[PDB]
Every structure is written in C-alpha cells, then in structure tokens.
Amino acid sequence: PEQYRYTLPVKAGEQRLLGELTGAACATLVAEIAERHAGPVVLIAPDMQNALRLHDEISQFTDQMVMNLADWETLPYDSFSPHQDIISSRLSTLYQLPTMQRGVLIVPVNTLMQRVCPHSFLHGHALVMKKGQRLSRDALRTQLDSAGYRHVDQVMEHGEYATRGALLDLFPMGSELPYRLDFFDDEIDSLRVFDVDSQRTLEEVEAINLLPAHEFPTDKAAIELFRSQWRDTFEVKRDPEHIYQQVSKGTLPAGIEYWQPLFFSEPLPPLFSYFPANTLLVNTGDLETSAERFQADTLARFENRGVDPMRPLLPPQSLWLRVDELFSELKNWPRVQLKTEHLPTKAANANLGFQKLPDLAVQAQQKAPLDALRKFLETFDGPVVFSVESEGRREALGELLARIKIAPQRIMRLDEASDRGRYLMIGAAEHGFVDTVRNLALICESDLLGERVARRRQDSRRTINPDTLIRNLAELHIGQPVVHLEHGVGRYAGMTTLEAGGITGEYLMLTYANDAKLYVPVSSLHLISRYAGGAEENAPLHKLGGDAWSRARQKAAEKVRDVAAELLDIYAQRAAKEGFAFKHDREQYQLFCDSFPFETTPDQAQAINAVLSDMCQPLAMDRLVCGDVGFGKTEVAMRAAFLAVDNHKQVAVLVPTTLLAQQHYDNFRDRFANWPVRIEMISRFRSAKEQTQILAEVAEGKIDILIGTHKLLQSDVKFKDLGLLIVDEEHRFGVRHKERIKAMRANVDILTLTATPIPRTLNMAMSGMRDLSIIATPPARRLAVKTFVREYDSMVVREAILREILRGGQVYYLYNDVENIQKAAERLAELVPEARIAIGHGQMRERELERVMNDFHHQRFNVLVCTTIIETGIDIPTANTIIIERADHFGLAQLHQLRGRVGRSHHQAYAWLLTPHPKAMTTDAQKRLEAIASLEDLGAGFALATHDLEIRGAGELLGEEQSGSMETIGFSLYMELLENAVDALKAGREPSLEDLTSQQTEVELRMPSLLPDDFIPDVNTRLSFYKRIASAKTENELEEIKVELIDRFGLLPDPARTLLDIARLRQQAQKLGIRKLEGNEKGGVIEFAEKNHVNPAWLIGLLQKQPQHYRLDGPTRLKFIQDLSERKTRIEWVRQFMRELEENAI
C-alpha cells in the first residue's frame, strides 16, 4: 500500500536510516532515492574505492545522471600536480553543480572535506564562443593564455591549444573532446570536434564553453596577488627553486595545487557551498572513522613535509575542513544513511527486505552441475533477472541457461519484471541479492560461476598503430637507425633546405659510416624505412658508396628463398598424408569446460577452435600458438589434451626446463581434477627407479598424459597409442634435441606453444607454409606514465606506495632477488604498515594467478612483490605504480616492457626505476636509464619496443639463420623480400624476382615541391607526410592525404598542391613508362622506358600536325616546346599531356 517502508528526509539533520541491504542493494536504492525527489542526491562514499565501483552500479538501475566529483588523487602536500582529465572533470562538475536539478553525484569523504574554489571564480572566468563571434584568432590566443592554457604544436591533452595558420585547435577544460576552430576575416567561421589521435575532424558543432585551465587563476593579476599573500604568510628567498620565485617567473611548480588558497583573497569555501537548495545527501559506512583518519594523515603530512625551506606549507585549515566543520556543515542537509546490519525499530528507520542469494554456483563435481540453479528456478514464483556485464557475456548465459531449458526475456529497467518471468539485464552489477519486500531475484555471473576477474579488453581509446610509427616514421628522433634501399642502414640526422636550380627543396639528412652524410630528396623518401631489428642498440652502419650492402641485400634474398622452399614442400607433404580424426562430442567438451568458468578472449577462442579443428581433420596437425601468460593461455593446451584423451589416446608434453615441467604438471593436475585422467611427469624431480616404474606404466597405456624434460627424449620411451604431442617453447631445446624432436613428430598431431608473439604481417605471409594461431598482446596505448630514476630511498618507496593506496589502487614491486623474497615482503610491510603485501613467485600456476588477481580486485591486498618481469605481466587494471628495486640490470627491452605494465586512461600512472650507488652502476646502464627517464608518457618507444619483441619472436619461428639477415637489412625489407619469395614460389616462378627495385621515376617541373615551414612547423610531422605521399600508390591515397592536410592545417599552399600533384604525375608516369620527365619555362623532355605504352600513330600524328611543339631526340627521348612561363600553366599542360598520352595508350 504505501509505495515503500521509508519516507525521504527534508530538513537539516533529518536522517532516515535504511537497513539490511546486501550486494547490488545500495546500487538499486540510490537509484530509486534519485527518482522520487525533485532534487539532486549527493552520495557521499566512505572511500574512493567504493565510489568508483558505485558509479557503474547505480548507472545500471537508472536513466538518470550518475556523476562523480573526482579527487586530485595526489597526496596532501604532494610533489605532483593533478592529472589534467581529473581537473577538467572537476571544473566541469563544480561549474554545473549549483544548477544541478536532478540526479546523483558521488563524493568520497576524502574529497568532500577538501575545499573548493569560490563560485565567483568559475562563473566569472567562464566564456562562450559560437558559429560567428567577433573574436580575432590572435585575440583568443591571448585570452587562452590568460585562462592559463598551454601553447602546444599538436594539442593532445586538456588545457592545450595549438596554432596552424587559418586554424586554432584547443582542448577546453570543461569538455570531453577538443575543438578545431578555423577563422575568416576576424570572424570565427566554424567549430569542429576532433579526435586527438586521428587529429581529423569528427562531428560538426556550433557552440563551445570555455572554463579556466585550473582551479585557480593564472593571469597577470593572480600572480601579483599570489606574491603578496605569500609575503604575507612565509619568508621569501632568492634561490631559483623557491615556490615564490617560481610562481613569479610565470611558472607552475609541481605540487602547487596545495597552495590554491594564495591565488585568492577570499577563503576557499566548503564544497557544500555548491550544493543546490533541494539537495539530498546519502550515506554509506561511517564517515567519522574515515573522516578522522584523513584529518590525521593530513596533519601528519603537515609536520613532516613542512620542513623544506623552499616549500613552506599552509595550515590544514586553509585546504581542508576539520572533522568538526564537516559534520557541522553536514547537519544542514537531510540525509539517508545506508547500512547493511539489521536496524532496531526506531520510528525513523526502515529495514528493507533484502537477503543474500542462495548458493547457486555451478559444481563441476556433481553429475548435475546446474541443478542448484535448476531447482531454485522451478521452486520460485517471482522474477529472477540475470545481470550480465557485456553483450558478449549475455551470450555466455544463453549457452549456459540453455542447458536447463531457460532462454530469458530481456528487460532494460527492472520494473518490467513480473511473476514467473526470467529476465536478463546488461549491467555493471558484480553480484546479486534477493528481494524479500517484493520477492525478486538478481543473479549476476559471479553468483553463478565462482568469481570474476577485473579486466576490460577495449583499447580503441588510445591505440598506437603498429604500422604508422614504422611505415611513416612518425616519431623519428635524431640518431635512430634508418634504412635506404639503395645504400643501407644510416642514422637520421634531420631535415635541411637546400638550393637546386634556384628552387628551394627539402631534403632528409641521413648519416652513414665515417659521418658520410647522404641527402635524400623528399620525393624519394619511398626508399626509406625505419630500422626494425630486435636490437636498436646494435645496428649496421653501412659505408656510403660501399659494396657490403648490395651483397647483404642478396645473401638475404638467397636465404629467404631457401626458407620459403623448405617450408612449402613440408606443408604440402603433410597435406597429402593420412592422419587421425578425433571426433569431439559437444557434451563431453562442455563439461570439461565447466572446470574453467572464465571468459575467453576472442583471439584465444579463435585458437582453441582452430586447434580443435586441425585435430578433427584426417591430417596430422602441426600448429603453433603464440600468446602471453594471461589467465587462461593454458586452456588451448588443456583442451587439446582433453580431446586426445577423450579418444583414448595418450598425450606427451615436452618442455625445456624442469621448473616448467613441474608447473605444467601442476596445472594439468588441477585442470583434470574432476576427471579420471592419470597424469605423470618425468624430470629431474624423479629418481631413475621411479622413471622406470613410470615409463613402464606409459607403455602399458596406463598413463594418459606424460610431461617431461628432454629426458623424455634421452630414453626410448614406448607409448601404447600416442596421439598428441605438445611442445612448449621448442625454440630453446638445443640442436641435438631439436632433431630428436622432428623425429618424434611424424605420425602424430603436434602442437607447439610459445610466449614471444609474432608480427601481424608475418602472419598472412605464412598462410599456407606454417599453420599458426596468434593470441595478440593487447595494443600499446598512449597513457600517462611518469617514469623516474632515483637511487634507492625508502622514503620514496613509501610515499610512492602510499600515493597509490590512497586512491584505491595497487602497486607492483619487482625486487632485487638478493635475499629471501619472504623477508623483503616483511621489510616492506614494516616500512608501509598502512599497506598489505602479497608475494608473486615465478611460474605462477593458474590457481595462484586467479587467487592473486581476485584478492587485488577486493582490495584484500594492495602491493604485490614480484621476482621476474613475467610476473609483472599479470592483469591488474588498478595497479598503476610499478617499482623496480634494481632497475639498472635491465635493458630498454625490458624496462619499456615493465614501464607499460602500469597505466589507466584519464589517470596518472607512475614508475620508479630505482638504482644503487653511482659506483655500483655500469657506465652503459647509467646512460640506458637516463634515456627513458626522459620520456614523459607512454607513447612511441613502448609501442616500438613492443614491435621489436614480436620480431625476435619472428627470428625464433624462422631460425637463427633468418634472424641474421633480419638484423642485417631490417625486418621491414626482409618481410618485403619474403612476402615476395612466397607469392613467387607459390605461383610457380622463381625468387630472383629482384623486381623489388623501383622504376626510378623522376618527375621534375622546376617549381617548388614541398611542405612549407610555416604550413607544418613540426619537422617530424612534415616528414611523416612526405613518406606517406612518396609511398602513396593510388590516386585516392593522394587525395585522402590531401583532405587530411586541409582539414588539419587548412588552406593548401602552392608548394603543397605542387608536391601532391607532381606526386600524382610520377605515378601516371610509371603506368605509362616514362623513366623521367623534365619540364621548364620553355617546354621539357620526356624520357621513355623500353617498355612503354605510347601509341606511335598518336605520336607521329603529333609530330606532324604540331612540329613547332614536339621534336624527337634519340630513340628514347621526346622534347616538347610550349609556353610554360607561369608555374601554374606548366603543371596544367604536363597533366593534360599525361591525360592525352594515356587516353591513347596501347
């Protein structure tokens, strides 16, 4: 009858406690408490941990606005400023808050106690701009400088704006995405949104709001104000590093935000000052415990960090509220309190009917795995609603529920749930609850399949193109190894501007041996490619004009053919031999899978089905799968074996080292735990006697799965019916054994595994030569990651850990490995009692892996001590600070590999490469470090190193012999020869298809052909376009590029149109022959190729009707005389002439 037990509070200090709630309970409650209340709802969260998890949950049960006031995520009086996306987010929220009419906003007690800027600030320093305002570009540019934005070239992050002639790109603080203006005679023409990666313009827009670029003014005034009030509060010092001194010179020190006060005359108000009048607060946990713990750490830091003579600190009063004022302010608003525990019948309380779901998990042991769920469903009256995270997970339920004759009906809003209905809604809800009050059931995947693991696979956000960076040499730094087809491997030296026949042209400088400097015409850039070899440190330095190259370029083609051959007949042969089909049985299979309740990656499943199929076809299988150590990469091998044993066939698994064997042994035992499958291992961990007693059981057919070292090769092991061979990391067994392997390979299906992945490109090539399935490592993204190189200093380690923990994240802690990893763990828990340490042993078993992953998803542990790089490979998304105790003994290879393990979009991630006393460090290592210490974010180098890696993988797949030519000419060209040698050996011809050499076309019209300095100032940016244009190949590729240019830099100069146009002629030139075409003021000279498409009837008819315009010169040239006095005329005619030439061709 009353819609509910509770009634909403309306007056200051009026609580309305609600009790006995469980899982997605609050979630759904805050959602309701938001729909019945004309006003806003500020949901104070006890810890940042909860809030972030809350935003996604509440969002499931409402079409309302679920918002979040972000926290600086820095440490009180930190040495780091907030990350932009955080400040942008805040400014957005504060700015809108007062006019907030409906919805939810989530604030951590942490953040709520922090003081905000005066609402005078935002309201006043705010501005707008529309489709046609009277603001000149160079004006706004100055305005932007006052607002405190930064002039940049590219404009990638919030708070920046860039200049490029007719255009203006800015990423305004209150917005989600950046804007590209474009002006017209002092009047702003249009406004366009644009992607920072693409840089292209997406949607068309008509308006833009412009908030400041900080939560505190930076204009001329502010700084004078800052100086004053400073002098008013602390002593001053000349020293160039004193905050005063710095803020004066127009510089913004790092921990500035904790000085916000001084940028204002007024005090900083209490966040509440922004809450609308009809705002309703909502609680969780007990704020007072939290609120006090913070006040304690704030004060704690106020004394310790308050010693730097260059950074005197402000009193905690100016920045934060007292636990008193917090509740003092808190008393002014009505506020529903949410509690889990049962409530005592006080009239102002409620006690919503919510209970913990039954025990519905799946049991792989029981002969009816899903009956708990089956009977619970045929024993319920009300609705069931099954919650799922992805539209790809919804699919998983179907496959699951189908086995109990249930195909749920989709809801959207919970209200659509009537009786006996079985519903399913897509949402972030972790796990269920029961609804006494209205008898409703909510079942999330976790309640049904153990417990999820926290990883999200979409990267689209910031994906760095493997191609781009390499195909277009996008971030080429002076000194990096470059490759010229004609000469070899040099080193980028920059770009210059020289003089030809009185026409300025641009050139790419490349140094070679003995500082021999080669100058490359921008128009010939197509003969250039970035060096690839997995070893950047070691790159050939060919001598310019030397013989070496031309040779190496051949030796390589030689080997590449041998390889393409050896493979091609071997694949062909195995394709003509009869093997063994394996049947399958979808049912038996599905049951095995029961013992693995986890979502498989798409790359992954692709592989499983791939491996399974090859097994079911009447031909011996011989696949290779290249993945990582992500939770579940073992599943392929697992399922492979399940299939061979379900067919009563023994399985052998070879591994390089015992530790691996053991690991493999373990994993197998735990995977087939619910099956009568006998498993055994032969390795150092077995005396001779036992080896004997085992091999014996093997011959008898009593062992379904044997696992062993090379010792499994040493002996002449007899199997009663071997059908599957699984070799892990074959590449590292060593000559003698490798042979013994290809020997134990015939007559049986084979499955080879390996970590090191392979390049996408080398994949399409192999198709038909080697069966391969690749489990790609998620793309490299451009993420905020500050890297530091410090000498071990515990106070750093400590603050470092702390800083992550206070934001609800975890920390990786790769260690030295001198002592006992168990002591290091203690030694660190002592240092940081606020934290809780876990350990991560090498060769983690899947079981260990999921335990650690889960514990971390439940904040159960917030620091993980590691011993190896591979361990740091674990998948934890909230681990965004990685510490490396003895970083010195690691190569860029690995650092980078480590550096990237941290990182979350819209948030700052850190990495502390720790070192020893300068005298214990190797001169080489020191320089190696300082190099990375120079990187400000995770961009190129990482994505590039990710590339190198895949190359070593390539080397491994093909051979130490191939890794050589790969290292000698550059993976780029190697694949060039290969892709060729293959297509060739396939069609039936021969590899000497050294056709690789270009038509050597040269189309010069004695006019400027280039991208002008003041059109595209960034040298490097230009360079990319050159290569792109040089390399373009169709007429459409050049237009696309043209469009990009105009859309990103506007009006196309003349040297530009030219560049492009000539580029197009040069093409037409090839399609038609023409090994050269010079043009000038007076006419020109076409130089044709032996094989051309010039119709003689046409030419001869041209020679006679127009004598004074065309004369032959030699059996190959054709001179032409015309009035090409003006640059625009010349080009026009030459194009027209090409047109006419091809329209008559033969």
# chains A, B, ... in the order shown; residues from 1 in each chain; ligands from 1
>>> residues_around(residues="residue 945 (chain A)", least_positions_apart="6", cutoff="8 Å", atoms="only C-alpha atoms", output="PyMOL selection string")
chain A and resi 893+896-897
>>> residues_around(residues="residue 113 (chain A)", least_positions_apart="2", cutoff="9 Å", atoms="only C-alpha atoms", output="PyMOL selection string")
chain A and resi 108-111+115+270-271+291+319-323+325-326
>>> write_last_selection(atoms="C-alpha atoms", output="PDB file, in the first residue's frame")
ATOM      1  CA  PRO A 108      34.410  10.439  -1.319  1.00  0.00           C
ATOM      2  CA  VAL A 109      34.529  11.630   2.278  1.00  0.00           C
ATOM      3  CA  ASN A 110      38.165  12.208   1.331  1.00  0.00           C
ATOM      4  CA  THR A 111      37.212  14.690  -1.406  1.00  0.00           C
ATOM      5  CA  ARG A 115      37.785  22.970  -0.030  1.00  0.00           C
ATOM      6  CA  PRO A 270      33.287  24.211   1.591  1.00  0.00           C
ATOM      7  CA  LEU A 271      32.211  22.023  -1.294  1.00  0.00           C
ATOM      8  CA  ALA A 291      36.980  11.484   8.044  1.00  0.00           C
ATOM      9  CA  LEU A 319      42.791  23.490   2.363  1.00  0.00           C
ATOM     10  CA  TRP A 320      40.551  21.126   4.301  1.00  0.00           C
ATOM     11  CA  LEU A 321      37.738  21.062   6.804  1.00  0.00           C
ATOM     12  CA  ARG A 322      38.056  19.883  10.415  1.00  0.00           C
ATOM     13  CA  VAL A 323      36.216  16.692  11.315  1.00  0.00           C
ATOM     14  CA  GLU A 325      33.195  21.561  10.442  1.00  0.00           C
ATOM     15  CA  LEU A 326      32.481  18.573   8.206  1.00  0.00           C
TER      16      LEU A 326
END
>>> select_by_dssp(residues="region 322-365 of chain A", states="helix (DSSP H, G or I)", output="compact mmCIF listing (two decimals) with C-alpha atoms, in the first residue's frame")
# COMPACT_ATOMS: atom_id res chain seq x y z
CA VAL A 323 36.22 16.69 11.32
CA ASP A 324 34.05 19.14 13.26
CA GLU A 325 33.20 21.56 10.44
CA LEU A 326 32.48 18.57 8.21
CA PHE A 327 29.71 17.33 10.45
CA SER A 328 28.91 20.92 11.31
CA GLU A 329 28.24 21.55 7.63
CA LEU A 330 26.75 18.08 7.30
>>> atom_distance(atom1="CA of residue 114 (chain A)", atom2="CA of residue 261 (chain A)")
11.9 Å
>>> closest_residue(among="A:831, A:1104, A:649, A:929", to="residue 788 (chain A)", atoms="only C-alpha atoms")
A:929
>>> atom_distance(atom1="CA of residue 579 (chain A)", atom2="CA of residue 701 (chain A)")
20.4 Å
>>> residues_around(residues="residue 283 (chain A)", least_positions_apart="5", cutoff="9 Å", atoms="only C-alpha atoms", output="compact mmCIF listing (two decimals) with C-alpha atoms, in the first residue's frame")
# COMPACT_ATOMS: atom_id res chain seq x y z
CA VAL A 42 24.91 13.77 -3.26
CA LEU A 43 26.05 10.28 -2.41
CA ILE A 44 28.98 10.52 -0.01
CA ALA A 45 31.15 7.42 -0.34
CA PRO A 46 33.34 6.18 2.56
CA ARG A 335 20.49 12.58 4.65
CA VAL A 336 19.51 8.97 4.12
CA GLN A 337 22.00 6.62 5.76
CA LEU A 338 22.54 3.16 4.26
CA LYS A 339 23.52 0.26 6.46
>>> residues_around(residues="residue 993 (chain A)", least_positions_apart="6", cutoff="12 Å", atoms="only C-alpha atoms", output="list in words")
residues 554, 557, 558, 561, 976, 977, 978, 979, 980, 981, 982, 983, 984 and 985 of chain A
>>> atom_distance(atom1="CA of residue 474 (chain A)", atom2="CA of residue 939 (chain A)")
11.4 Å
>>> closest_atom_pairs(of="region 1041-1108 of chain A", to="region 1130-1137 of chain A", cutoff="9 Å", atoms="only C-alpha atoms", output="JSON lines")
{"residue": "A:1058", "atom": "CA", "partner": "A:1131", "partner_atom": "CA", "distance": 8.2}
{"residue": "A:1061", "atom": "CA", "partner": "A:1131", "partner_atom": "CA", "distance": 8.2}
{"residue": "A:1062", "atom": "CA", "partner": "A:1131", "partner_atom": "CA", "distance": 8.1}
{"residue": "A:1065", "atom": "CA", "partner": "A:1135", "partner_atom": "CA", "distance": 7.0}
{"residue": "A:1079", "atom": "CA", "partner": "A:1130", "partner_atom": "CA", "distance": 7.6}
{"residue": "A:1080", "atom": "CA", "partner": "A:1130", "partner_atom": "CA", "distance": 7.4}
{"residue": "A:1081", "atom": "CA", "partner": "A:1130", "partner_atom": "CA", "distance": 7.3}
{"residue": "A:1083", "atom": "CA", "partner": "A:1130", "partner_atom": "CA", "distance": 8.1}
>>> write_last_selection(atoms="N, CA, C and O atoms", output="compact mmCIF listing (two decimals), in the first residue's frame")
# COMPACT_ATOMS: atom_id res chain seq x y z
N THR A 1058 51.49 21.55 -55.38
CA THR A 1058 52.52 21.07 -56.28
C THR A 1058 53.00 19.71 -55.85
O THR A 1058 52.90 18.75 -56.60
N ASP A 1061 50.42 17.16 -56.52
CA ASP A 1061 50.21 16.99 -57.96
C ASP A 1061 51.33 16.27 -58.68
O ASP A 1061 51.10 15.33 -59.43
N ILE A 1062 52.56 16.71 -58.44
CA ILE A 1062 53.67 16.07 -59.08
C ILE A 1062 53.64 14.62 -58.65
O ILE A 1062 53.90 13.73 -59.45
N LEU A 1065 51.60 12.75 -60.93
CA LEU A 1065 52.17 12.61 -62.26
C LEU A 1065 53.12 11.44 -62.15
O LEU A 1065 52.97 10.45 -62.84
N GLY A 1079 60.62 19.40 -66.96
CA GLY A 1079 59.82 20.46 -67.53
C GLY A 1079 60.39 21.78 -67.09
O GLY A 1079 60.99 21.87 -66.03
N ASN A 1080 60.24 22.81 -67.92
CA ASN A 1080 60.71 24.14 -67.58
C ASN A 1080 59.84 25.23 -68.15
O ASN A 1080 58.75 24.99 -68.65
N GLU A 1081 60.36 26.44 -68.07
CA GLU A 1081 59.66 27.62 -68.55
C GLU A 1081 59.35 27.53 -70.05
O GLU A 1081 58.29 27.97 -70.52
N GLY A 1083 59.61 24.46 -72.07
CA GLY A 1083 58.97 23.24 -72.53
C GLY A 1083 59.38 22.06 -71.67
O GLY A 1083 59.03 22.02 -70.50
>>> closest_residue(among="A:928, A:578, A:395, A:462", to="residue 198 (chain A)", atoms="only C-alpha atoms")
A:462
>>> residues_around(residues="residue 843 (chain A)", least_positions_apart="5", cutoff="10 Å", atoms="only C-alpha atoms", output="number ranges by chain")
A: 629, 659-660, 662-664, 848-849, 868, 870-871
>>> write_last_selection(atoms="C-alpha atoms", output="mmCIF file, in the first residue's frame")
data_model
loop_
_atom_site.group_PDB
_atom_site.id
_atom_site.type_symbol
_atom_site.label_atom_id
_atom_site.label_comp_id
_atom_site.auth_asym_id
_atom_site.auth_seq_id
_atom_site.Cartn_x
_atom_site.Cartn_y
_atom_site.Cartn_z
ATOM 1 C CA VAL A 629 50.765 -15.668 -19.760
ATOM 2 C CA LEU A 659 60.605 -25.896 -13.425
ATOM 3 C CA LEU A 660 58.364 -25.652 -16.455
ATOM 4 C CA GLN A 662 56.541 -29.133 -12.846
ATOM 5 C CA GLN A 663 54.447 -26.043 -13.499
ATOM 6 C CA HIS A 664 52.832 -27.836 -16.432
ATOM 7 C CA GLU A 848 47.876 -18.908 -7.900
ATOM 8 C CA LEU A 849 47.172 -16.427 -10.641
ATOM 9 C CA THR A 868 60.580 -11.564 -12.505
ATOM 10 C CA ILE A 870 56.872 -12.227 -16.397
ATOM 11 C CA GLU A 871 55.191 -11.994 -13.021
#
